[PDB]
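Peer 1: This is the content of entry.pdb (PDB, C-alpha atoms):
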ATOM      1  CA  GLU A   1      -1.710  -9.506 -13.230  1.00  0.00           C
ATOM      2  CA  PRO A   2      -2.401  -7.072 -10.375  1.00  0.00           C
ATOM      3  CA  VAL A   3      -2.662  -3.351 -11.145  1.00  0.00           C
ATOM      4  CA  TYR A   4      -1.174  -0.647  -8.939  1.00  0.00           C
ATOM      5  CA  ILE A   5      -1.442   3.100  -8.578  1.00  0.00           C
ATOM      6  CA  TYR A   6       2.053   4.250  -7.656  1.00  0.00           C
ATOM      7  CA  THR A   7       1.984   7.116  -5.224  1.00  0.00           C
ATOM      8  CA  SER A   8       3.719   9.167  -2.568  1.00  0.00           C
ATOM      9  CA  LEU A   9       1.423   9.491   0.450  1.00  0.00           C
ATOM     10  CA  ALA A  10       3.658  11.915   2.357  1.00  0.00           C
ATOM     11  CA  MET A  11       2.375  13.062  -5.316  1.00  0.00           C
ATOM     12  CA  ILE A  12      -0.801  15.016  -5.043  1.00  0.00           C
ATOM     13  CA  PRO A  13      -4.629  14.744  -5.398  1.00  0.00           C
ATOM     14  CA  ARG A  14      -3.936  13.379  -8.909  1.00  0.00           C
ATOM     15  CA  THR A  15      -3.928   9.994  -7.143  1.00  0.00           C
ATOM     16  CA  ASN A  16      -7.659  10.362  -6.503  1.00  0.00           C
ATOM     17  CA  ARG A  17      -8.418  11.106 -10.156  1.00  0.00           C
ATOM     18  CA  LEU A  18      -6.408   8.040 -11.184  1.00  0.00           C
ATOM     19  CA  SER A  19      -8.355   5.942  -8.683  1.00  0.00           C
ATOM     20  CA  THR A  20     -11.650   7.214 -10.077  1.00  0.00           C
ATOM     21  CA  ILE A  21     -10.630   6.440 -13.647  1.00  0.00           C
ATOM     22  CA  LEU A  22      -9.604   2.844 -12.826  1.00  0.00           C
ATOM     23  CA  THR A  23     -12.798   2.141 -10.863  1.00  0.00           C
ATOM     24  CA  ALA A  24     -14.874   3.632 -13.694  1.00  0.00           C
ATOM     25  CA  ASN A  25     -13.227   1.185 -16.095  1.00  0.00           C
ATOM     26  CA  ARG A  26     -13.872  -1.667 -13.629  1.00  0.00           C
ATOM     27  CA  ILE A  27     -10.153  -2.075 -12.970  1.00  0.00           C
ATOM     28  CA  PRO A  28      -9.307  -3.317  -9.465  1.00  0.00           C
ATOM     29  CA  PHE A  29      -6.133  -1.802  -8.005  1.00  0.00           C
ATOM     30  CA  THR A  30      -4.134  -1.211  -4.848  1.00  0.00           C
ATOM     31  CA  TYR A  31      -1.938   1.732  -3.889  1.00  0.00           C
ATOM     32  CA  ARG A  32       1.841   1.625  -3.713  1.00  0.00           C
ATOM     33  CA  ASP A  33       3.526   4.314  -1.612  1.00  0.00           C
ATOM     34  CA  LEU A  34       7.034   5.198  -2.794  1.00  0.00           C
ATOM     35  CA  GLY A  35       7.612   6.862   0.561  1.00  0.00           C
ATOM     36  CA  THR A  36       7.874   3.375   2.106  1.00  0.00           C
ATOM     37  CA  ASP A  37       7.897   0.826  -0.749  1.00  0.00           C
ATOM     38  CA  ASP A  38      11.422   0.097  -2.029  1.00  0.00           C
ATOM     39  CA  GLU A  39      10.175  -2.221  -4.792  1.00  0.00           C
ATOM     40  CA  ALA A  40       7.924   0.533  -6.139  1.00  0.00           C
ATOM     41  CA  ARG A  41      10.756   3.042  -5.817  1.00  0.00           C
ATOM     42  CA  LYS A  42      13.045   0.788  -7.831  1.00  0.00           C
ATOM     43  CA  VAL A  43      10.446   0.217 -10.533  1.00  0.00           C
ATOM     44  CA  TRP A  44       9.491   3.881 -10.877  1.00  0.00           C
ATOM     45  CA  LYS A  45      13.100   5.023 -10.916  1.00  0.00           C
ATOM     46  CA  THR A  46      14.152   2.428 -13.493  1.00  0.00           C
ATOM     47  CA  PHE A  47      11.251   2.901 -15.899  1.00  0.00           C
ATOM     48  CA  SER A  48       9.639   6.349 -15.442  1.00  0.00           C
ATOM     49  CA  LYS A  49      12.288   8.039 -17.584  1.00  0.00           C
ATOM     50  CA  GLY A  50      11.644  11.236 -15.650  1.00  0.00           C
ATOM     51  CA  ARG A  51       7.851  11.043 -15.796  1.00  0.00           C
ATOM     52  CA  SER A  52       6.214  12.579 -12.758  1.00  0.00           C
ATOM     53  CA  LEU A  53       4.216  10.521 -10.302  1.00  0.00           C
ATOM     54  CA  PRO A  54       1.700   9.341  -9.887  1.00  0.00           C
ATOM     55  CA  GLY A  55       1.054   6.500 -12.322  1.00  0.00           C
ATOM     56  CA  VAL A  56      -0.099   2.985 -13.102  1.00  0.00           C
ATOM     57  CA  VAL A  57       2.022  -0.143 -12.924  1.00  0.00           C
ATOM     58  CA  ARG A  58       1.004  -3.692 -13.802  1.00  0.00           C
ATOM     59  CA  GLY A  59       2.615  -6.649 -12.062  1.00  0.00           C
ATOM     60  CA  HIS A  60       6.054  -6.307 -10.508  1.00  0.00           C
ATOM     61  CA  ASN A  61       7.561  -3.823 -12.977  1.00  0.00           C
ATOM     62  CA  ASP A  62       5.413  -3.133 -16.046  1.00  0.00           C
ATOM     63  CA  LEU A  63       5.086   0.669 -15.999  1.00  0.00           C
ATOM     64  CA  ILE A  64       1.958   1.456 -18.008  1.00  0.00           C
ATOM     65  CA  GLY A  65       1.984   5.244 -17.787  1.00  0.00           C
ATOM     66  CA  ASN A  66       1.969   8.252 -15.508  1.00  0.00           C
ATOM     67  CA  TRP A  67      -1.149  10.300 -14.730  1.00  0.00           C
ATOM     68  CA  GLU A  68      -1.061  12.323 -17.957  1.00  0.00           C
ATOM     69  CA  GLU A  69      -0.750   9.233 -20.150  1.00  0.00           C
ATOM     70  CA  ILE A  70      -3.474   7.496 -18.156  1.00  0.00           C
ATOM     71  CA  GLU A  71      -5.605  10.583 -18.702  1.00  0.00           C
ATOM     72  CA  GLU A  72      -4.889  10.297 -22.391  1.00  0.00           C
ATOM     73  CA  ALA A  73      -5.844   6.598 -22.665  1.00  0.00           C
ATOM     74  CA  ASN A  74      -9.042   7.394 -20.774  1.00  0.00           C
ATOM     75  CA  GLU A  75     -10.362  10.081 -23.124  1.00  0.00           C
ATOM     76  CA  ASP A  76      -9.615   7.621 -25.914  1.00  0.00           C
ATOM     77  CA  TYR A  77     -11.248   5.090 -23.560  1.00  0.00           C
ATOM     78  CA  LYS A  78      -8.529   2.546 -24.315  1.00  0.00           C
ATOM     79  CA  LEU A  79      -7.243   2.584 -20.763  1.00  0.00           C
ATOM     80  CA  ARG A  80      -7.509  -1.191 -21.085  1.00  0.00           C
ATOM     81  CA  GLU A  81      -4.180  -0.437 -22.813  1.00  0.00           C
ATOM     82  CA  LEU A  82      -2.597  -1.669 -19.656  1.00  0.00           C
ATOM     83  CA  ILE A  83      -3.472  -5.323 -20.000  1.00  0.00           C
ATOM     84  CA  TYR A  84      -2.093  -5.494 -23.570  1.00  0.00           C
ATOM     85  CA  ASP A  85       0.813  -3.091 -22.803  1.00  0.00           C
TER      86      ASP A  85
ATOM     87  CA  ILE B   1       5.172 -20.534  -4.908  1.00  0.00           C
ATOM     88  CA  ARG B   2       6.785 -18.047  -2.506  1.00  0.00           C
ATOM     89  CA  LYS B   3      10.368 -16.838  -1.982  1.00  0.00           C
ATOM     90  CA  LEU B   4      12.487 -18.453   0.734  1.00  0.00           C
ATOM     91  CA  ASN B   5      15.123 -17.310   3.239  1.00  0.00           C
ATOM     92  CA  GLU B   6      13.765 -13.807   3.852  1.00  0.00           C
ATOM     93  CA  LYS B   7      11.992 -11.898   6.609  1.00  0.00           C
ATOM     94  CA  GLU B   8       8.200 -11.782   6.689  1.00  0.00           C
ATOM     95  CA  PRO B   9       6.962  -8.406   5.428  1.00  0.00           C
ATOM     96  CA  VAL B  10       5.459  -5.944   7.926  1.00  0.00           C
ATOM     97  CA  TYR B  11       2.368  -3.881   7.186  1.00  0.00           C
ATOM     98  CA  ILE B  12       0.512  -0.988   8.734  1.00  0.00           C
ATOM     99  CA  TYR B  13      -3.154  -1.721   8.120  1.00  0.00           C
ATOM    100  CA  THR B  14      -4.998   1.571   7.716  1.00  0.00           C
ATOM    101  CA  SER B  15      -7.805   3.333   5.870  1.00  0.00           C
ATOM    102  CA  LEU B  16      -6.399   6.079   3.649  1.00  0.00           C
ATOM    103  CA  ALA B  17      -9.739   7.777   3.064  1.00  0.00           C
ATOM    104  CA  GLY B  18     -10.153   8.076   6.818  1.00  0.00           C
ATOM    105  CA  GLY B  19     -13.653   7.808   8.237  1.00  0.00           C
ATOM    106  CA  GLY B  20     -12.433   5.839  11.235  1.00  0.00           C
ATOM    107  CA  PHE B  21     -11.892   7.839  14.417  1.00  0.00           C
ATOM    108  CA  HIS B  22      -8.452   9.504  14.366  1.00  0.00           C
ATOM    109  CA  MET B  23      -7.407   7.126  11.569  1.00  0.00           C
ATOM    110  CA  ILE B  24      -4.714   9.367  10.055  1.00  0.00           C
ATOM    111  CA  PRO B  25      -3.086  10.654  13.240  1.00  0.00           C
ATOM    112  CA  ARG B  26      -2.915   7.133  14.647  1.00  0.00           C
ATOM    113  CA  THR B  27      -1.466   5.903  11.357  1.00  0.00           C
ATOM    114  CA  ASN B  28       1.142   8.638  11.517  1.00  0.00           C
ATOM    115  CA  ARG B  29       2.034   7.680  15.081  1.00  0.00           C
ATOM    116  CA  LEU B  30       2.352   3.994  14.135  1.00  0.00           C
ATOM    117  CA  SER B  31       4.661   5.010  11.266  1.00  0.00           C
ATOM    118  CA  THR B  32       6.930   6.975  13.591  1.00  0.00           C
ATOM    119  CA  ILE B  33       7.139   4.090  16.024  1.00  0.00           C
ATOM    120  CA  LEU B  34       7.980   1.479  13.365  1.00  0.00           C
ATOM    121  CA  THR B  35      10.606   3.799  11.847  1.00  0.00           C
ATOM    122  CA  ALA B  36      11.978   4.457  15.345  1.00  0.00           C
ATOM    123  CA  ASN B  37      12.576   0.729  15.781  1.00  0.00           C
ATOM    124  CA  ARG B  38      14.202   0.585  12.353  1.00  0.00           C
ATOM    125  CA  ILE B  39      11.415  -1.646  11.086  1.00  0.00           C
ATOM    126  CA  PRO B  40      10.656  -1.456   7.349  1.00  0.00           C
ATOM    127  CA  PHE B  41       6.974  -1.519   6.423  1.00  0.00           C
ATOM    128  CA  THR B  42       4.382  -0.852   3.761  1.00  0.00           C
ATOM    129  CA  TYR B  43       0.807   0.414   4.109  1.00  0.00           C
ATOM    130  CA  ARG B  44      -2.273  -1.653   3.355  1.00  0.00           C
ATOM    131  CA  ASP B  45      -5.358   0.427   2.539  1.00  0.00           C
ATOM    132  CA  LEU B  46      -8.486  -1.452   3.587  1.00  0.00           C
ATOM    133  CA  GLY B  47     -10.589   0.790   1.341  1.00  0.00           C
ATOM    134  CA  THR B  48      -9.087  -0.818  -1.762  1.00  0.00           C
ATOM    135  CA  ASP B  49      -7.311  -3.914  -0.422  1.00  0.00           C
ATOM    136  CA  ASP B  50      -9.865  -6.706  -0.027  1.00  0.00           C
ATOM    137  CA  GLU B  51      -7.578  -9.288   1.546  1.00  0.00           C
ATOM    138  CA  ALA B  52      -6.354  -6.756   4.128  1.00  0.00           C
ATOM    139  CA  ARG B  53     -10.000  -5.899   4.833  1.00  0.00           C
ATOM    140  CA  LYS B  54     -10.880  -9.588   5.257  1.00  0.00           C
ATOM    141  CA  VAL B  55      -7.852 -10.173   7.490  1.00  0.00           C
ATOM    142  CA  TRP B  56      -8.811  -7.337   9.838  1.00  0.00           C
ATOM    143  CA  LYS B  57     -12.459  -8.360   9.999  1.00  0.00           C
ATOM    144  CA  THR B  58     -11.467 -11.928  10.947  1.00  0.00           C
ATOM    145  CA  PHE B  59      -8.719 -11.230  13.487  1.00  0.00           C
ATOM    146  CA  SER B  60      -9.144  -7.722  14.929  1.00  0.00           C
ATOM    147  CA  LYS B  61     -11.458  -8.861  17.751  1.00  0.00           C
ATOM    148  CA  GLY B  62     -13.182  -5.497  17.487  1.00  0.00           C
ATOM    149  CA  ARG B  63      -9.913  -3.585  17.845  1.00  0.00           C
ATOM    150  CA  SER B  64      -9.904  -0.293  15.973  1.00  0.00           C
ATOM    151  CA  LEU B  65      -7.707   0.485  12.982  1.00  0.00           C
ATOM    152  CA  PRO B  66      -4.866   1.253  12.312  1.00  0.00           C
ATOM    153  CA  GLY B  67      -2.675  -1.698  13.220  1.00  0.00           C
ATOM    154  CA  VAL B  68       0.398  -3.751  12.417  1.00  0.00           C
ATOM    155  CA  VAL B  69       0.290  -7.076  10.616  1.00  0.00           C
ATOM    156  CA  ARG B  70       3.097  -9.517   9.811  1.00  0.00           C
ATOM    157  CA  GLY B  71       2.887 -11.755   6.752  1.00  0.00           C
ATOM    158  CA  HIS B  72      -0.518 -12.663   5.355  1.00  0.00           C
ATOM    159  CA  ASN B  73      -2.519 -12.542   8.606  1.00  0.00           C
ATOM    160  CA  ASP B  74      -0.388 -12.306  11.778  1.00  0.00           C
ATOM    161  CA  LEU B  75      -2.037  -9.385  13.533  1.00  0.00           C
ATOM    162  CA  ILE B  76       0.634  -8.144  15.945  1.00  0.00           C
ATOM    163  CA  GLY B  77      -1.475  -5.463  17.602  1.00  0.00           C
ATOM    164  CA  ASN B  78      -3.507  -2.364  16.853  1.00  0.00           C
ATOM    165  CA  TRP B  79      -2.232   1.189  17.408  1.00  0.00           C
ATOM    166  CA  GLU B  80      -2.875   1.116  21.173  1.00  0.00           C
ATOM    167  CA  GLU B  81      -1.371  -2.316  21.793  1.00  0.00           C
ATOM    168  CA  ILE B  82       1.568  -1.268  19.650  1.00  0.00           C
ATOM    169  CA  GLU B  83       1.855   2.009  21.595  1.00  0.00           C
ATOM    170  CA  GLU B  84       2.135   0.129  24.925  1.00  0.00           C
ATOM    171  CA  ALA B  85       4.664  -2.305  23.575  1.00  0.00           C
ATOM    172  CA  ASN B  86       7.084   0.500  22.723  1.00  0.00           C
ATOM    173  CA  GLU B  87       9.776  -1.059  24.795  1.00  0.00           C
ATOM    174  CA  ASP B  88      11.136  -3.664  22.364  1.00  0.00           C
ATOM    175  CA  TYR B  89       9.080  -4.369  19.143  1.00  0.00           C
ATOM    176  CA  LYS B  90      11.689  -6.092  17.132  1.00  0.00           C
ATOM    177  CA  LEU B  91      11.244  -8.903  19.650  1.00  0.00           C
ATOM    178  CA  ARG B  92       7.525  -9.184  18.948  1.00  0.00           C
ATOM    179  CA  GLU B  93       7.935  -9.156  15.185  1.00  0.00           C
ATOM    180  CA  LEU B  94      11.276 -10.939  14.643  1.00  0.00           C
ATOM    181  CA  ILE B  95      11.640 -13.275  17.643  1.00  0.00           C
ATOM    182  CA  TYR B  96       8.069 -14.575  17.568  1.00  0.00           C
TER     183      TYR B  96
END
Can the structure in the file be given as structure tokens, please?
Peer 2:
Amino acid sequence: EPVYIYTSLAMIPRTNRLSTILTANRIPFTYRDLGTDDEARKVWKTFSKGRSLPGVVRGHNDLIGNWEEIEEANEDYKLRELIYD
Amino acid sequence: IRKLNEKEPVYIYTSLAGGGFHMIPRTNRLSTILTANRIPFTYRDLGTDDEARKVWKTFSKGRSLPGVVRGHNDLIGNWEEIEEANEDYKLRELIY
């Protein structure tokens, strides 16, 4: 399943940190800009439960976590949380 | 398999970490033009998007980024070609 970093390009530098963490864990990703991407907007609004952007989404609508949660999985180094939910 | 009975998606191919000459201002200008013609789009970042990178390398003919692409690989035009066209665009994306 493809992995995305949900963002708002017009969110904050935190996107760059997220990108660095995924690359470090050899996780390929592409960006999704909620400023222009209605699918991403729908997914983030439905599932974020008020969590702030940015974040990581797998496939069409599997919200893995926002930046803070991704940070947390990374210091536990279980960021490959996102392939097993 | 792919979904039927819908419009081909439209992309602005760009490089979000810049580098390319006037990459961000030209991207911003492209965005304004597409929005002006009421054309929905998403960005493709060639820095992280390998297929978008491959598409541009194959079809750009040396044209500089950013540009507009329809579907998987229908390069409509780069920023300059798109700039000139700003008479009717809808015709070049939807009628072609």
Peer 1: With the PyMOL selection byres ((chain B and resi 21-38) around 8) as the selection, what would be picked from this file? Answer as an MDAnalysis selection string, please.
Peer 2: chainID B and resid 12 14:16 18:20 39:41 65:67 79 82:83 86 89:90
Peer 1: Please report as a Markdown table every residue of chain B lying within 7 Å of chain A, along with the nearest atom pair and their distance in Å (one decimal), using all atoms listed in the file.
Peer 2:
| residue | atom | partner | partner_atom | distance |
| --- | --- | --- | --- | --- |
| B:41 | CA | A:36 | CA | 6.6 |
| B:42 | CA | A:36 | CA | 5.7 |
| B:48 | CA | A:30 | CA | 5.8 |
| B:49 | CA | A:30 | CA | 6.1 |
Peer 1: For the structure provided, state which residues fall under the PyMOL selection byres ((chain A and resi 64) around 10), and present them as a PyMOL selection string.
Peer 2: chain A and resi 3-4+47-48+55-58+61-63+65-67+69-70+79+81-85
Peer 1: Restricting the output to C-alpha atoms, write the selected residues as an mmCIF file, in the frame of the given file.
Peer 2:
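Output file part27.cif is given in full below:
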data_model
loop_
_atom_site.group_PDB
_atom_site.id
_atom_site.type_symbol
_atom_site.label_atom_id
_atom_site.label_comp_id
_atom_site.auth_asym_id
_atom_site.auth_seq_id
_atom_site.Cartn_x
_atom_site.Cartn_y
_atom_site.Cartn_z
ATOM 1 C CA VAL A 3 -2.662 -3.351 -11.145
ATOM 2 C CA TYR A 4 -1.174 -0.647 -8.939
ATOM 3 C CA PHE A 47 11.251 2.901 -15.899
ATOM 4 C CA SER A 48 9.639 6.349 -15.442
ATOM 5 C CA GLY A 55 1.054 6.500 -12.322
ATOM 6 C CA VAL A 56 -0.099 2.985 -13.102
ATOM 7 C CA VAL A 57 2.022 -0.143 -12.924
ATOM 8 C CA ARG A 58 1.004 -3.692 -13.802
ATOM 9 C CA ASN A 61 7.561 -3.823 -12.977
ATOM 10 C CA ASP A 62 5.413 -3.133 -16.046
ATOM 11 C CA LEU A 63 5.086 0.669 -15.999
ATOM 12 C CA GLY A 65 1.984 5.244 -17.787
ATOM 13 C CA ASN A 66 1.969 8.252 -15.508
ATOM 14 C CA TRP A 67 -1.149 10.300 -14.730
ATOM 15 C CA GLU A 69 -0.750 9.233 -20.150
ATOM 16 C CA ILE A 70 -3.474 7.496 -18.156
ATOM 17 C CA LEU A 79 -7.243 2.584 -20.763
ATOM 18 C CA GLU A 81 -4.180 -0.437 -22.813
ATOM 19 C CA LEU A 82 -2.597 -1.669 -19.656
ATOM 20 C CA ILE A 83 -3.472 -5.323 -20.000
ATOM 21 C CA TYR A 84 -2.093 -5.494 -23.570
ATOM 22 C CA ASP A 85 0.813 -3.091 -22.803
#
Peer 1: Which polymer residues, protein or nucleic acid, are no farther than 9 Å from (-2.5, -7.7, 14.2), counting only C-alpha atoms, as a count of residues only?
Peer 2: 15
Peer 1: Just so the selection is clear, what residues does the PyMOL selection byres ((chain A and resi 13-18) around 9) cover here, as a list in words?
Peer 2: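 Given this file, the PyMOL selection byres ((chain A and resi 13-18) around 9) evaluates to residues 5, 6, 7, 8, 11, 12, 19, 20, 21, 22, 23, 53, 54, 55, 56, 67, 70 and 71 of chain A.
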Peer 1: Edge lengths and centre in Å to one decimal, as AutoDock Vina command-line options, of the axis-aligned box that encloses all listed atoms of stretch 14-33 of chain B with 6 Å added on every side?
Peer 2:
--center_x -3.3 --center_y 6.1 --center_z 9.5 --size_x 32.8 --size_y 21.1 --size_z 25.0
Peer 1: So how far away is atom CA of residue A:59 from atom CA of residue B:44, in Å?
Peer 2: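 Between these atoms lies a distance of 16.9 Å.
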Peer 1: Can you work out which one of B:6, B:11, B:17, B:94 has the shortest atom-to-atom distance to residue B:52, counting all atoms listed in the file?
Peer 2: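 Nearest to residue B:52: B:11.
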Peer 1: Name all residues at most 9 Å from residue A:60 (count all atoms listed in the file; drop same-chain ones fewer than 3 positions away) and give them as JSON, numbers by chain.
Peer 2: {"A": [1, 2, 39, 40, 43, 57, 63]}
Peer 1: Would you put the residues from that selection into a file with C-alpha atoms, as a PDB file, in the coordinates of the input?
Peer 2:
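Saved to selection_28.pdb:
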ATOM      1  CA  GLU A   1      -1.710  -9.506 -13.230  1.00  0.00           C
ATOM      2  CA  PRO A   2      -2.401  -7.072 -10.375  1.00  0.00           C
ATOM      3  CA  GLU A  39      10.175  -2.221  -4.792  1.00  0.00           C
ATOM      4  CA  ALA A  40       7.924   0.533  -6.139  1.00  0.00           C
ATOM      5  CA  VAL A  43      10.446   0.217 -10.533  1.00  0.00           C
ATOM      6  CA  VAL A  57       2.022  -0.143 -12.924  1.00  0.00           C
ATOM      7  CA  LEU A  63       5.086   0.669 -15.999  1.00  0.00           C
TER       8      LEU A  63
END
Peer 1: What separation in Å, quoted to one decimal, exists between atom CA of residue B:62 and atom CA of residue B:84?
Peer 2: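 So the two atoms, atom CA of residue B:62 and atom CA of residue B:84, lie 17.9 Å apart.
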Peer 1: Please indicate the distance in Å from atom CA of residue B:63 to atom CA of residue B:8, rounded to one decimal place.
Peer 2: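 Straight-line distance from atom CA of residue B:63 to atom CA of residue B:8 works out to 22.8 Å.
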